[PDB]
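Enquirer: Below: one structure in C-alpha cells.
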2 protein chains.
Amino acid sequence: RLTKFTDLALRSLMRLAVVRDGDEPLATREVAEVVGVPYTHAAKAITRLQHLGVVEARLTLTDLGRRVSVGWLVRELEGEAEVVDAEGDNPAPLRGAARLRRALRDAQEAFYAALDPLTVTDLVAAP
Amino acid sequence: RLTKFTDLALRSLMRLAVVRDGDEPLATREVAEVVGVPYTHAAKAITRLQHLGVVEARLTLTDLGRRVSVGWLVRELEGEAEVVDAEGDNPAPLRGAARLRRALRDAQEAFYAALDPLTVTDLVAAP
C-alpha cells in the first residue's frame, strides 16, 4: 500500500489534470471538496505539489506537472513519509534483520519501478 | 511500506528459523519477548503462521516453514490486511481513478515480485 498523503497529492494533481479549457474556477476549496478531504490536508498536498513544481498558484498544473514520472513523484512524496513515519519504528535486534531491510527496500524499488514509466496524463487518459 | 502484522509474522518465523540444534525452549512467550511485542499480537502471528503451515506447534518451523517463497508468504499475510484495512478506504469518484488503481496493484505486484525469489533461510543466512 501507499501513503495517505502520497495518495492525497496524487488524487489532487490528477483532478487538476482534468480541466484544461476555460472550464471553471478551481482553487484549494474546490479541490479539497472534489477529492473528498478536509481543506487542512489538501493545502498540505497542494503546497508540497507547488514545492515540487507541478502546481502553479495563481490553481492549475504546470508543464512539469504533466510530463513527470509518477514513480519519481511518489518517491518524492512518500520519501518524506519514510522519514517522518519510519522514525517511530525502532525495531529490536533480530538475527538477519538488516538482510531483510535490504530486501524490503528492493521490493519497494520494484513497486516504484513499475510506476516510473507513466505520467499523470496516462492516469487521466481517454483512448 | 508493509503491514505491521505482516512484519510481525516475518520477524517471528525469522526468529524461529534461528535456533536449529537443541539450543533452548522456545514458545510464544519467548518469541513475544524476542521480537519485542506484546503476547497478544505474537499469538496472532504464531497462529496465522500455523494456519499457513510454517509453524508446527508442540514451537519450531516446519520444512514448509523453511522452503517457502517470502513474496508469496507476504501476499498471504498482507492480503488479509488488504481485505480488512482497505475496506475502510471508501475513496470518492475521481476521473481516471480505476486506471490508477490498476497501476497501484501492478507496482504492488512488482514489490512482491522482488520478494518471490527468496526464502526465510536466505534472510537468516551466513556465508
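Chains: A, B, ... in order of the C-alpha cells. Residues: from 1 per chain. Ligands: from 1, in order shown.
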Residues within 9 Å of residue A:73, please, as a PyMOL selection string. Count only C-alpha atoms; anything in the same chain fewer than 3 positions from it doesn't count.

Expert: chain A and resi 6+10+52+68-70+76-78+116

Enquirer: Tell me the residues of chain A close to chain B, meaning within 9 Å using only C-alpha atoms, as number ranges by chain.

Expert: A: 1-3, 11, 14-15, 18, 34-36, 82, 91-100, 103-115, 122-126

Enquirer: Return chain A as an mmCIF file with C-alpha atoms, in the first residue's frame, after superposing it on chain B by a least-squares fit that covers all C-alpha atoms paired in order.

Expert:
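Contents of result.cif, freshly written:
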```
data_model
loop_
_atom_site.group_PDB
_atom_site.id
_atom_site.type_symbol
_atom_site.label_atom_id
_atom_site.label_comp_id
_atom_site.auth_asym_id
_atom_site.auth_seq_id
_atom_site.Cartn_x
_atom_site.Cartn_y
_atom_site.Cartn_z
ATOM 1 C CA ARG A 1 5.968 0.002 3.277
ATOM 2 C CA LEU A 2 4.479 -3.216 4.662
ATOM 3 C CA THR A 3 1.834 -4.279 7.212
ATOM 4 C CA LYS A 4 2.529 -4.143 10.939
ATOM 5 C CA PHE A 5 1.139 -7.679 11.140
ATOM 6 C CA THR A 6 2.975 -8.950 8.033
ATOM 7 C CA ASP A 7 6.151 -7.518 9.564
ATOM 8 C CA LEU A 8 5.376 -9.165 12.918
ATOM 9 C CA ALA A 9 4.882 -12.635 11.405
ATOM 10 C CA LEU A 10 8.013 -12.333 9.261
ATOM 11 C CA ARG A 11 10.167 -11.389 12.261
ATOM 12 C CA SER A 12 8.587 -14.224 14.253
ATOM 13 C CA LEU A 13 9.265 -17.106 11.872
ATOM 14 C CA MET A 14 12.619 -15.470 11.097
ATOM 15 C CA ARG A 15 13.495 -15.808 14.775
ATOM 16 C CA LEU A 16 12.157 -19.381 14.816
ATOM 17 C CA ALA A 17 14.487 -20.056 11.883
ATOM 18 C CA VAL A 18 17.475 -19.118 14.083
ATOM 19 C CA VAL A 19 17.777 -21.957 16.600
ATOM 20 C CA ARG A 20 18.087 -25.363 14.926
ATOM 21 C CA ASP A 21 20.014 -27.509 17.431
ATOM 22 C CA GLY A 22 18.928 -28.353 20.969
ATOM 23 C CA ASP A 23 19.542 -24.699 21.752
ATOM 24 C CA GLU A 24 16.701 -23.799 24.112
ATOM 25 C CA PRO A 25 12.965 -23.977 24.880
ATOM 26 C CA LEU A 26 11.088 -21.522 22.652
ATOM 27 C CA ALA A 27 7.328 -20.918 22.764
ATOM 28 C CA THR A 28 5.021 -17.929 22.288
ATOM 29 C CA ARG A 29 6.256 -16.245 25.490
ATOM 30 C CA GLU A 30 9.905 -16.470 24.433
ATOM 31 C CA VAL A 31 9.309 -15.183 20.904
ATOM 32 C CA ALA A 32 6.860 -12.481 22.013
ATOM 33 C CA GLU A 33 9.741 -11.199 24.127
ATOM 34 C CA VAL A 34 12.401 -11.758 21.450
ATOM 35 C CA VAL A 35 10.849 -9.792 18.594
ATOM 36 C CA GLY A 36 9.791 -7.129 21.098
ATOM 37 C CA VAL A 37 5.986 -7.142 21.051
ATOM 38 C CA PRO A 38 3.069 -7.988 23.378
ATOM 39 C CA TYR A 39 1.946 -11.596 23.682
ATOM 40 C CA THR A 40 -1.438 -10.652 22.187
ATOM 41 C CA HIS A 41 -0.021 -9.707 18.765
ATOM 42 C CA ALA A 42 2.501 -12.562 18.779
ATOM 43 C CA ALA A 43 -0.181 -15.205 19.320
ATOM 44 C CA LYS A 44 -1.968 -13.811 16.259
ATOM 45 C CA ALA A 45 1.217 -14.064 14.189
ATOM 46 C CA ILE A 46 2.177 -17.519 15.514
ATOM 47 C CA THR A 47 -1.302 -18.862 14.785
ATOM 48 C CA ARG A 48 -1.643 -17.352 11.305
ATOM 49 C CA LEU A 49 1.752 -18.930 10.636
ATOM 50 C CA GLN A 50 0.441 -22.278 11.891
ATOM 51 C CA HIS A 51 -2.626 -21.981 9.623
ATOM 52 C CA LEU A 52 -0.217 -21.277 6.763
ATOM 53 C CA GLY A 53 1.703 -24.402 7.852
ATOM 54 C CA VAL A 54 5.121 -22.890 8.580
ATOM 55 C CA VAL A 55 4.961 -23.434 12.382
ATOM 56 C CA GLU A 56 4.401 -26.872 13.940
ATOM 57 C CA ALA A 57 3.056 -26.387 17.469
ATOM 58 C CA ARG A 58 4.284 -28.816 20.106
ATOM 59 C CA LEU A 59 7.238 -24.201 18.675
ATOM 60 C CA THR A 60 9.517 -24.733 15.676
ATOM 61 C CA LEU A 61 9.492 -24.231 11.927
ATOM 62 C CA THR A 62 8.246 -26.889 9.544
ATOM 63 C CA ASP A 63 10.039 -27.878 6.347
ATOM 64 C CA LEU A 64 7.297 -25.851 4.688
ATOM 65 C CA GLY A 65 8.343 -23.080 7.072
ATOM 66 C CA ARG A 66 11.806 -23.002 5.539
ATOM 67 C CA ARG A 67 11.403 -23.590 1.806
ATOM 68 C CA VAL A 68 8.567 -21.049 1.255
ATOM 69 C CA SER A 69 8.811 -18.024 -1.004
ATOM 70 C CA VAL A 70 8.583 -14.827 1.033
ATOM 71 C CA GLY A 71 6.802 -12.881 -1.705
ATOM 72 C CA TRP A 72 4.002 -15.451 -1.536
ATOM 73 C CA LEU A 73 4.098 -15.519 2.272
ATOM 74 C CA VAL A 74 3.807 -11.713 2.328
ATOM 75 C CA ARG A 75 0.999 -11.871 -0.214
ATOM 76 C CA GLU A 76 -0.880 -14.268 2.076
ATOM 77 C CA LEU A 77 -0.212 -12.357 5.327
ATOM 78 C CA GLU A 78 -0.752 -8.855 3.852
ATOM 79 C CA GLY A 79 -3.673 -9.917 1.642
ATOM 80 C CA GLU A 80 -5.918 -10.293 4.682
ATOM 81 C CA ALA A 81 -4.701 -6.820 5.627
ATOM 82 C CA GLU A 82 -5.749 -5.736 2.122
ATOM 83 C CA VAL A 83 -9.171 -7.127 2.980
ATOM 84 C CA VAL A 84 -9.682 -5.725 6.481
ATOM 85 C CA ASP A 85 -7.785 -2.436 6.255
ATOM 86 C CA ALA A 86 -8.756 -1.368 2.723
ATOM 87 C CA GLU A 87 -12.483 -1.856 3.423
ATOM 88 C CA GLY A 88 -12.423 1.497 5.212
ATOM 89 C CA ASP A 89 -10.788 3.373 2.350
ATOM 90 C CA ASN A 90 -14.052 4.314 0.545
ATOM 91 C CA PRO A 91 -12.478 6.908 -1.816
ATOM 92 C CA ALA A 92 -14.606 9.331 -3.819
ATOM 93 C CA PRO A 93 -15.173 9.427 -7.605
ATOM 94 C CA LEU A 94 -12.203 10.884 -9.485
ATOM 95 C CA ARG A 95 -11.578 10.965 -13.232
ATOM 96 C CA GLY A 96 -9.198 8.115 -14.042
ATOM 97 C CA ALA A 97 -9.326 6.604 -10.544
ATOM 98 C CA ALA A 98 -9.591 2.988 -11.695
ATOM 99 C CA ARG A 99 -6.704 3.366 -14.145
ATOM 100 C CA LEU A 100 -4.557 4.361 -11.175
ATOM 101 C CA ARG A 101 -5.947 1.544 -9.021
ATOM 102 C CA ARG A 102 -4.730 -0.691 -11.848
ATOM 103 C CA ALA A 103 -1.246 0.845 -11.690
ATOM 104 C CA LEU A 104 -1.024 0.639 -7.880
ATOM 105 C CA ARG A 105 -1.998 -3.034 -7.936
ATOM 106 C CA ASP A 106 0.732 -3.585 -10.549
ATOM 107 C CA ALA A 107 3.558 -1.805 -8.619
ATOM 108 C CA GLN A 108 2.496 -3.871 -5.602
ATOM 109 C CA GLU A 109 2.913 -6.968 -7.721
ATOM 110 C CA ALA A 110 6.457 -5.754 -8.556
ATOM 111 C CA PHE A 111 7.164 -5.232 -4.858
ATOM 112 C CA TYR A 112 6.001 -8.860 -4.390
ATOM 113 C CA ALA A 113 7.912 -9.994 -7.488
ATOM 114 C CA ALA A 114 11.188 -8.869 -5.925
ATOM 115 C CA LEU A 115 10.345 -10.906 -2.775
ATOM 116 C CA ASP A 116 9.202 -14.086 -4.514
ATOM 117 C CA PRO A 117 12.791 -15.379 -5.168
ATOM 118 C CA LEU A 118 13.854 -15.704 -1.506
ATOM 119 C CA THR A 119 13.178 -17.943 1.489
ATOM 120 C CA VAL A 120 13.496 -17.402 5.242
ATOM 121 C CA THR A 121 16.789 -19.317 5.141
ATOM 122 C CA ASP A 122 18.049 -16.608 2.770
ATOM 123 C CA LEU A 123 17.015 -13.953 5.323
ATOM 124 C CA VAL A 124 18.880 -15.536 8.238
ATOM 125 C CA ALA A 125 21.938 -16.726 6.297
ATOM 126 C CA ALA A 126 25.661 -16.851 6.948
ATOM 127 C CA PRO A 127 28.130 -17.116 4.014
#
```

Enquirer: DSSP on the backbone: which residues in stretch 2-112 of chain A end up as alpha helix (DSSP H)? Give the answer as a PyMOL selection string.

Expert: chain A and resi 4-18+28-34+39-51+63-67+70-84+97-112

Enquirer: Taking the chain letters and numbering used in this document, name the residues of chain A that DSSP puts in strand (DSSP E), as a count of residues only.

Expert: 4
